[PDB]
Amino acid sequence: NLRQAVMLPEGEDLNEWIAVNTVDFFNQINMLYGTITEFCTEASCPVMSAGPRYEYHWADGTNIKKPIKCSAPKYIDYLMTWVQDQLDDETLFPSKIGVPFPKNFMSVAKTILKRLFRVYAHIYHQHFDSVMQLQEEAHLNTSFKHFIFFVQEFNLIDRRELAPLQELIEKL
């Protein structure tokens, strides 16, 4: 029961819960995209997109403030390295029992989740046939559904970001 599994457990700390699931989703998505890289190439995906109605340009707001128009593999590389960095950052994601979560942690996590969604969107829009080819649709669908149930639970991604898969989300 996913709706149940995403709720804030008995006397748990919100930040820790979100931190803990965010790490897991990154891993899920990394795995899933990892499986179809052979089919996501600079040739197939010249610009990063969620179908022709949505095109994404990479910026992290610090090192790169002016969005770069790039291919899907490149955009996702930018993205995955970027998320990794954050998760490895001890001021951001404390693994010790001494560092608290920064005052802005929620905003940090929301930003990671916002962008992780785009990998799902690109996969569903552009590579679902490959996903079926490799017989990983069940893995993809359950992962996405889990991801969405969690963000809906804590209102972590706003509707206009989710729009490229609104129809798919509605059928969850």
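Counting begins at 1, following the sequence as shown.
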> Of the two stretches 4-12 and 163-171, which shows the higher Cα B-factor on average in the entry?
Replying inline: 4-12
>> Tell me which stretch, 101-109 or 54-62, has the higher mean Cα B-factor listed in the entry.
In response: 101-109
> Taking the C-alpha B-factors as the PDB entry records them, is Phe93 in the lowest, middle or highest third of its chain?
Replying inline: highest
> Can you tell me which third, lowest, middle or highest, the CA B-factor of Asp129 falls into for its chain?
Replying inline: lowest
> Lowest, middle or highest third: where is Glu42 by Cα B-factor in its chain?
Replying inline: highest
> Which third of the chain holds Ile76 when residues are ordered by C-alpha B factor: lowest, middle or highest?
Replying inline: middle
>> Going by the CA temperature factor in the PDB record, which third of the chain does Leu156 belong to: lowest, middle or highest?
In response: middle
